[PDB]
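Take a look at this single chain, the form deposited in one PDB entry, given in structure tokens.
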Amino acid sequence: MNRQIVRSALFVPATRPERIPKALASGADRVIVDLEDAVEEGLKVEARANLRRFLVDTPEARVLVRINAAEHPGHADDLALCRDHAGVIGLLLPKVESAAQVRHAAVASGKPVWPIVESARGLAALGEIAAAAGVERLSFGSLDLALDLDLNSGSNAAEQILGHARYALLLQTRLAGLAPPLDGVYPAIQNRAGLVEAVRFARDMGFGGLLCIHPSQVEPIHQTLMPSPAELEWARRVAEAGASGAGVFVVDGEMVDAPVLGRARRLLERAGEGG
């Protein structure tokens, strides 16, 4: 339902309900309680009840739930849990491959849907998936895509293929008028330098945030998404020269036209200093 930015969406599996408050206290903009791929078949019924217990016992909590996809016998049970607790403000639909799967999850839960693209089928149908009623924003399942397309995760070639999927997510986001999408999970938990590089790369591309998997990732993500002093000072220089009214001028040796001035004004506004 939002058009605002989500910087961080932190997974926590419903098998570890004691970790859900820790996820919420981490400062992440969103917490995702997982009922799907982090939870083994045998623990999924218990985990669903764990999540029900947490939501009842923590009525002020607001969380996303990654539900089992329609193939699973627990699909309707996941959707009903989303529907029946005000603490569930949206669901992640994994393995999404059709507008129909989005519509069914949205109507059944009555809550916003985050489609997670993790397969070639999802990419091929992303136009209709993004355009489906109930979609809040799109996110990426990088490791799922590497499995589906047989990519060597982390190599230059895999990242080039994933660049094609990221582009599609960013294109359809603007085509369907969705809220800012989230780039995929960065799995090297303690590699802050690599996490920082994944975040800046994602932000530079128009992603609003990242799915994440450990509370320690939250602080690097939020600091990296902030405009640097240099980006702020550039935009101030561009906005100053543009205040008189001129159509085209020069700043730092570069021509500045309407699109450049607009980017500079939006950068300043998004950091808390509009006109």
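One rule holds for the numbers: they count along the sequence shown, beginning at 1.
Stretch comparison (67 to 75 versus 200 to 208) by mean CA B-factor in the PDB entry places 67 to 75 on top. Checked against the record, the higher mean CA B factor of 224 to 232 and 48 to 56 lies with 224 to 232. Across 173, 190, 109, 160, the entry's maximum B-factor at the CA atom is seen for 190. When the modelled residues of the chain are ordered by their C-alpha B factor, residue 240 lands in the highest third. In the PDB entry, residue 97 places in the highest third of its chain by CA B-factor.
Among all modelled residues in this chain, the alpha-carbon of residue 37 has a temperature factor (C-alpha) in the middle third. For residue 154, the recorded CA B-factor ranks within the highest third of the chain. Only modelled residues enter the ranking. The deposited CA B-factor of residue 257 belongs to the lowest third of values across its chain.
Not on display, but discussed next: the form deposited in another entry.
Going by which superposition fits each C-alpha best, residue 106 and residue 219 move as one rigid unit between this form and the one not shown.
Legend note: Cα of residue 177 to Cα of residue 262 is at least 3 Å closer in the other entry than in the depicted form. A change of 3 Å or more separates the two forms for residue 198 and residue 254: their C-alpha atoms lie farther apart in the other entry.
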